[PDB]
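What follows is a single chain, given as structure tokens, in the form deposited in one PDB entry.
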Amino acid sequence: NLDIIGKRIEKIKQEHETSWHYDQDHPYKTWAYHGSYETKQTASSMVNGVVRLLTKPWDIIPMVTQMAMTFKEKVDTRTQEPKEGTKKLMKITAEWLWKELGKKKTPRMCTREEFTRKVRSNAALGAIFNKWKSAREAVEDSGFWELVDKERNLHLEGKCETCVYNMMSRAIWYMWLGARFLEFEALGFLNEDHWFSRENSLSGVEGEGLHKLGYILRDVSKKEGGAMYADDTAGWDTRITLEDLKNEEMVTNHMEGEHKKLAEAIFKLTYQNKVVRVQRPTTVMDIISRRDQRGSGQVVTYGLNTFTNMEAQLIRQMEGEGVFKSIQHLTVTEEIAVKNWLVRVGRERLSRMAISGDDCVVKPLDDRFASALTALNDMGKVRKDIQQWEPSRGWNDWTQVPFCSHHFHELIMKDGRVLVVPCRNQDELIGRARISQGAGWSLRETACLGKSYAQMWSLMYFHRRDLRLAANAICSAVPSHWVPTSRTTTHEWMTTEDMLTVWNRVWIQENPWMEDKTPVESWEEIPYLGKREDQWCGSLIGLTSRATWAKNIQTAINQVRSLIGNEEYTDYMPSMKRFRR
């Protein structure tokens, strides 16, 4: 408690000494409350006019139009302490998993140099505004790094002064850039060195690419065993226990020297004890604390969510296979059985999974897994939208499994080669492309963001009739040489290279599931879904609105060209059969 957080609390007390008050009508039950102080401020979703003008039929589709308009009673819940048998299973599994992940990887500190280059090309490193305007500025100024230095030496001393969370089924905890640097220095290696690559972690998919996920799920389907299970956790971040945080910290057991001490301090002072400032309208700032739940940088959050999910799913597999009988208590010989399972089959069982943070797909040895629920519930990883003790329903076909907000189709090219392609409901794809985040967008910047969506569609969703047409229209409407952009960033579509050349590189040349490397010479060689399958996944093909849009598309392209002005444009529409005369 207060010896670790008091210094952070004391320091904030004194910057708002005129405003401090121990409120008695505070709404916190599971958060420790400390005090309040005076503030007054709020970023809503803006429409991308380039994308909207080139997707007119969707202007009357509520599932698209409602996306652009407009639980914190889950952050304020409390998870129970797991039983001694559960805690044992987790500690044994966590110990074994960090050793496996560390066999081919060396923990190391990330550097000011590395941090600086990241900020100078717009990674979403959740920071705040004050003393300097942006992160881009603070980074070039040696004063900043003296602040960083002071805190750093405090962490080596085992104390914290300025690493405070700022709160904003989502919940994002920004810190000042200095705190983010110290987190990145100590734990950035997990992401920077790809500890959760599939080659390294066997279950992980970090860096693998949306064009690889479908092939990865099909490889899992090839294993002998039961149904494919894809259970979502209700509010994963809120169900991370102090025992989970202690198993995650064991990565420090693989470190040495300074790094070991800097990493241990991030875990102890910022993760296992948190200080948070929240805007309450009744508008004051609340300074609250708690020990458990996830509150870290988004990138460290991803890697530790992946780790703890891999751990939880191996234990659920152990329960299904009868490796232990009860979570109340492991016998001494059950401990040796669990250790022996891990050494004997652990790597095989990891390869039966695809795990992206809180999201998983598991193909267990058989369907006993479906009703193996005691360890999963006792760890606090309670399933979404199913009664606690009701057996999981699995998927019989890998093409129907949900993963990372997609499903995957098997699509045979006219030449017999096999593409496994990502897909989701087309209203969701069009609706997201019609939204921008933030202020002060020029027409040119808005156009370059539309071009980024269009090139993503050409590379990932070419098999959807409406998106290949709309992608060609947007790339025709935006000046040929203007560079695609984004404000929070594998994204092979972020290039001025010709999209057919990029398509060949991603789907043929670099695709390890494609034996025949014969390049495709035109977009007409590249297939679509069946027309009925395209409609099932939200296509407007067959509607009068869609027919008029497709037939008159050059009139829409010319409307956008007239707004942007007299620039160099390319006509990409004759890349499609129906516009090729």
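The term rigid core refers to the most C-alpha atoms you can superpose between the two forms while keeping them within 1.5 Å. Residue numbers run from 1 along the displayed sequence.
FYI, the form deposited in another entry isn't displayed, but the following is about it.
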Can you spot, among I240, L187, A447, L89, the one with a CA shift of 2 Å or more between the shown form and the other one after core superposition? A447
Core-aligned, does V483 move its Cα 2 Å or more between the shown form and the other one? yes
After a core superposition, would you say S545 shifts its C-alpha by at least 2 Å between the shown form and the other one? yes
Does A471 count as moved between the shown form and the other one, where moved means a C-alpha shift of 2 angstroms or more after fitting the rigid core? yes
In the other form, the Cα separation between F115 and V483 changes by 3 Å or more relative to the shown form; did it shrink or grow? farther
Regarding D232 and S296, go with closer or farther for their CA spacing in the other form versus this form, the difference being 3 Å or more. closer
